[PDB]
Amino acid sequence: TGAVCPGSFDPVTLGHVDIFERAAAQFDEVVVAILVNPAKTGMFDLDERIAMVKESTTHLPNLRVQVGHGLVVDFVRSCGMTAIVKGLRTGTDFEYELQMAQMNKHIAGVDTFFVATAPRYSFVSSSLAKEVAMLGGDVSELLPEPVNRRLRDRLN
């Protein structure tokens, strides 16, 4: 059994890591698929994002990180899998997630499972973490130390 946990992960948050953990506890293997967007965004480049995920997940031996591009469903079936795990947090556009799940099931037969991230991590997102951190707000309890490290470096 396997699941893919896709995202842009710019940077990975403890909400993500909470979801990676739950997928890794319930599936034999987990792949974190880093899907970079077209926009010249965002903050960290591709090796940094990988680095940040790897460093935050060394305690999950059945999880690995891969760069994706193209349809999530093409990548998923690439890994020889048929399931996606996605975290739900406050502000998640769940309707659009649901639309995409129904499209992905229809076009490739892939299932999407949704899981509510833990209350304490339920209000971080990559974008909101970046905004707040770069304005001198303290988000450090909500991101992994490998992320807090590069955030602080960026601050200068």
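Note that residue numbering follows the sequence shown and begins at 1.
*Asks:* Do the C-alpha atoms of 132 to 140 or of 5 to 13 have the higher average B factor in the entry?
*Replies:* Of 132 to 140 and 5 to 13, the stretch with the higher C-alpha B-factor average is 132 to 140.
*Asks:* Averaged over C-alpha atoms, is the B-factor higher for 112 to 120 or for 42 to 50 in this PDB entry?
*Replies:* Between 42 to 50 and 112 to 120, it is 42 to 50 that shows the higher mean C-alpha B-factor.
*Asks:* Just the C-alpha B-factor column, please: which of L88, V67, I107, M100 has the biggest number?
*Replies:* Reading the PDB entry, the winner on C-alpha B-factor is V67.
*Asks:* Could you say whether, by C-alpha temperature factor, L71 belongs to the lowest, middle or highest third of its chain?
*Replies:* Its C-alpha B-factor, which the entry lists for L71, ranks in the highest third among residues of this chain.
*Asks:* Once the chain's modelled residues are ordered by C-alpha B factor and cut into thirds, is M81 in the lowest, middle or highest one?
*Replies:* Answer is middle: the recorded C-alpha B-factor places it there.
*Asks:* Going by the CA temperature factor in the PDB record, which third of the chain does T58 belong to: lowest, middle or highest?
*Replies:* For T58, the deposited C-alpha B-factor lands in the highest third.
*Asks:* Please place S127 in the lowest, middle or highest third of its chain according to the CA B-factor in the PDB entry.
*Replies:* Middle third of the chain for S127's C-alpha B-factor.
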